[PDB]
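The chain below stands alone and is given in structure tokens; this is the form deposited in one PDB entry.
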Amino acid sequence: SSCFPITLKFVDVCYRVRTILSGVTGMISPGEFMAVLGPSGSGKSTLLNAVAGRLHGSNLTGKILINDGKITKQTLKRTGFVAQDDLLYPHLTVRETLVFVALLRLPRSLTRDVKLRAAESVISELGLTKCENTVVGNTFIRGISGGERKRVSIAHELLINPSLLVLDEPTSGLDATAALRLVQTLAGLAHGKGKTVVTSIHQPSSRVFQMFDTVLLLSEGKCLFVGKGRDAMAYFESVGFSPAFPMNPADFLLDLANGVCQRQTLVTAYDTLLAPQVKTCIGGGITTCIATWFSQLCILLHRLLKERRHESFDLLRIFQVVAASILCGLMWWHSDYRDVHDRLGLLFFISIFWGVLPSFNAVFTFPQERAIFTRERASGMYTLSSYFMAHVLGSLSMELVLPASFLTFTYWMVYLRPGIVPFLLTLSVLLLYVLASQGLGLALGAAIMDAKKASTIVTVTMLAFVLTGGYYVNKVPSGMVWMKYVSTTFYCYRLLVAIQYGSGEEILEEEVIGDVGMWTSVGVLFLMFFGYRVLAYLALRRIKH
């Protein structure tokens, strides 16, 4: 219950890029709820973002100090920044969202019994105890309300028990009566638990402004007032400013910020009477560290299990595989093998279809989760190498179910080779070709990080793999014959003809007998399996935070 108070002080100076801040000074006591209010463009989104400790070094000079000391990464585990946008996964319920977060945030030396009841204490500490089985959703999946998405985001940050909670415009997008009941619980933290809540309200209401203990005006840099907030109106009356009509106190002193009198004399009056009074108050880790890698993998596989299933077994993607499998069983119904030219066109349609679908659907995976990943990683929850291996191991499970259902339905209708040993070789070649074609699309989406531009580069790439696959053109013109050795469609189609026909000898046009080999064609699809996953990792470690 916060038996470690943080007395935040800051006497900093400008933050340039023009100056955003210029001269801000102030101090925050434990047990106070403070609002930082000002016009749009006054740098209130930077004073919060530089007193949590997220801006430093180059163009930020000052003497920000926590607890009469220095802002250190030791005194940054007791600090929580609730940002302005919410980044949650949709298909998880509210209770299992905060249990997956509680197993990753809280340290390893505890047990899994004082760790998942610290996640259902925060359920009842905020108001999230009625909606704990509703899914979260988004604006395509019906779930919790917009005032309870913000309460999950604050509950995401209270699991580590901070002593300083910085929030960046919480009540933005909330209606009139949920923005009031969210200020009631943030004022209850600082008055009941002894924390040091600091927030920046955009345009406060009339009875929201009564819930504050301290305000701080910012007008394009320097500050005009810092004080109790019940005596802000009486202060400017002594300077000679009073409203002409009954009005909100937070509309009055925010009009005085952007020059509208009812801003040159206001700054000079501040550094004569009020600013020189707040200045007066101024041998292991080898075998365990590999075992902590795999528990981060076992939790990241269970979180993303319903996310790797929504995109895989989509209902408009089941319809495309069921439609393509009735058309193959009807155009090649009860086929004969003694007419080679139709049997080779069946086997080449399977190479086109299962190279285009896994590659095109794989370019959307990494661009859509870049914002969630770079926030979740820069708080010490996981690294790149365990998030990457949860997408690798979780996507080669789900994507083998629709090609195995295509080939059970179609193999025995179209009369391919009878036997259990030719059926299992045709299935094995096709499931390796689907995994080698997926990795082409994973590498292209990670190198580009735009879903529209990556979609037209995997489309152009597969066009050159189909045309060099060996079915349309018989005599490649002598400077383009090298190009077929880099395509995945070439090695699959030359394998499938080797199961069904072998090398002549029963059917003897020598488009059956090839020029590659069989172990050379399965040794290269393994090189393209691993090789396109290594290049997807290196394109992702290039986005240096």
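The term rigid core refers to the most C-alpha atoms you can superpose between the two forms while keeping them within 1.5 Å. Start at 1 with the first residue shown and count on from there.
Missing here is the form deposited in another entry; even so, the following discussion is about that form.
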(request) Scan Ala390, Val215, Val99, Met381 for the one whose CA shifts by 2 Å or more between the shown form and the other one after superposing the rigid core, and name it. (result) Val215
(request) Compare the position of the CA of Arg112 between the shown form and the other one after a rigid core fit and state whether the shift reaches 2 Å. (result) yes
(request) Determine, after fitting the two forms on their core, whether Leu300 shows a C-alpha shift of 2 Å or more between the shown form and the other one. (result) no
(request) Classify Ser206 as shifted (yes) or not shifted (no) between the shown form and the other one, where shifted means its C-alpha moves by 2 Å or more with the rigid core superposed. (result) yes
